[PDB]
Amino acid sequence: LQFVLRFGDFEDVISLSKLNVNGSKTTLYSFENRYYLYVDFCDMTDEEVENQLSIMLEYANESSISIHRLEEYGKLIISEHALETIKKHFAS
């Protein structure tokens, strides 16, 4: 299933990325001073997903902010492989 997670600041996004929990597809946006990770676990198991989500939620909170909201009024930063891209250029 799909999730939009909100981060209070960029460092927490970088922190998450270092964890190698880049849960299949992730797209990253900014909006109103915060960062939003669109997170698609498309095909994973209800187990891999549970432990994955739960770490993501140490650095973020579940948001009701719609992906369409973000698409038209947010800045798209990275699509599809966001956490991997952030880890590569920002992590460590």
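Numbering starts at 1 and runs along the sequence shown.
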### Query
Looking at the entry, does 60-68 or 39-47 show the higher mean C-alpha B-factor?
39-47
### Summary
Taking the deposited Cα B-factors and averaging over 76-84 and over 17-25, the higher mean is found in 17-25
### Lowest, middle or highest third - CA B-factor, residue 33
middle
### Task
Divide the modelled residues of the chain into thirds by Cα B-factor and specify which third, lowest, middle or highest, holds residue 91.
middle
